[PDB]
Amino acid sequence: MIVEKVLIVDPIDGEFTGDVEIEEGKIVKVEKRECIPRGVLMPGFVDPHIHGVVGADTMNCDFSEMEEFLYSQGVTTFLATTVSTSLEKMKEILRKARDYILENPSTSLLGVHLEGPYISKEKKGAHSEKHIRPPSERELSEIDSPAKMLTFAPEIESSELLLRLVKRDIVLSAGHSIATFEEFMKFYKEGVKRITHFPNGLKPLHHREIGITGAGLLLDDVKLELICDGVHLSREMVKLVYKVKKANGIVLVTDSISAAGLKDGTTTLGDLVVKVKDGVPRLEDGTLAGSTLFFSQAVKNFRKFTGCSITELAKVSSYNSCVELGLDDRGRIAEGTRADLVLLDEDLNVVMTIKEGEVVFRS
């Protein structure tokens, strides 16, 4: 009901010592009080891109397992992400998530992020080439709540039909594409303003054809999701994207797979074998196959790579996604909003997570 003497961190109002008051899942009072801080309090993290973690996958619909673990990473809202697959699996995953949300009305599961199958085979990376295909009027009809996000390649055939999804409370995101700057722009002019795990799975930035990568950097209101594991991007790259995009244009993401948190074993992603050596999962041919990055580590990493403030980390770890997903009462520690919060020690180790005014994790 009340968290006192903390370093309160709001993406908009800044960071300051004070106390926060929670009344039945709603923050009713934020009082700035000058004293010595107990720890850090931030908006509950949001992971819009995670396949599985600690044995649980989205392909087997282990929502309950995923949810429960994520609380230990301070994540209070997530999107179980799929990989390229059959219209059949898709309908089944959307169906079980829909039932899962109806059964657990206070869950951290916002819905499903459909990564693929409408992507480029040339930038398929880790996606099963057999399932990749162009969008069809027949499939478009099966995509709706609980789908919340969709990653597509703008140059693919019939990519335009996907625009009809936005009115269904689905956010479109460009990724796994070789589209040029103008092809991406056709979609940017229609409201598509997000890029999936930048810059992996895109044609590089060239001197005349800047492509999607160039659009991503050039356009100020296009947000870029970044996997901060030191492998998908080097610390220098992250530092560069941060320099160009600032906190306002970056969305932290995990892109974690079931293997995360497990010994260097040997599993699969969809219908493909993956080898995990030193935490880095890759296909046999060397292609990165997701990550084993815990959201919590993502935040620490980002913070270390850039030297940004805890106020900026709040934007990249929750506020930015909330804005994309239309979650107007989340990603904030301000009077009138939902009490999804995470308490951390000064080193940013999670020590407590709150989802709807209820403590769902204590270390």
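Start at 1 with the first residue shown and count on from there.
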(message) Highest mean C-alpha temperature factor of the two stretches 244 to 252 and 85 to 93, which is it?
(response) 85 to 93
(request) For the higher mean C-alpha B factor in the entry, choose 74 to 82 or 129 to 137. (result) 129 to 137
(message) By the CA temperature factor listed in this entry, which of these ranks top: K193, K148, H176, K277?
(response) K277
(request) Tell me, please, which of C228, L269, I170, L218 has the highest C-alpha B factor according to the deposited entry? (result) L269
(request) Select lowest, middle or highest to describe the third in which the CA B-factor of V323 falls within its chain in this entry. (result) lowest
(request) Taking the values exactly as deposited, rank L109 by C-alpha B-factor within its chain and report the matching third: lowest, middle or highest. (result) lowest
(request) Could you look up the Cα B-factor of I50 in the entry and say which third of the chain it sits in: lowest, middle or highest? (result) lowest
(message) Using the temperature factors of the C-alpha atoms in this entry, rank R332 within its chain: lowest, middle or highest third.
(response) middle
(message) When the deposited Cα B-factors of this chain's modelled residues are ordered and cut into thirds, is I8 in the lowest, the middle or the highest one?
(response) lowest
